[PDB]
């Protein structure tokens, strides 16, 4: 039940788990309240293209601030995610394999800060329900 996508931008990318990832370019840094279902990337500071793929064992990501490095498995357990939905859960990495974001669950230190960059990549994670 595994998958792997190169993530174009702009794009709306339906996923085998019933969710979609939407990408687009934006000039401005987001103002919305912090949440795990959106993400901001600075193209200049991360290796493109982005990919979205399912988990492998050993997968770890570096948390914001002094959070430290955290194994993805631990994140799924703490979130009480059913074993079947984790095997199917999108993981957003850069072209180098750095895990940037686990949509809906956790952000890495690699999320853009508001630093006067000319342009950002904006990501959104949303269900195909209603």
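Positions refer to the first chain, counted from 1.
A summary of the deposited B-factors shows that, of 39-47 and 77-85, the stretch with the larger mean C-alpha value is 77-85. In this entry, the higher average B-factor at the C-alpha atoms falls on 66-74, of the pair 98-106 and 66-74. The PDB entry assigns its highest CA temperature factor, among 90, 30, 26, 58, to 58. Listed residues 121, 15, 118, 112 were ranked by CA B-factor as deposited; 118 comes out on top.
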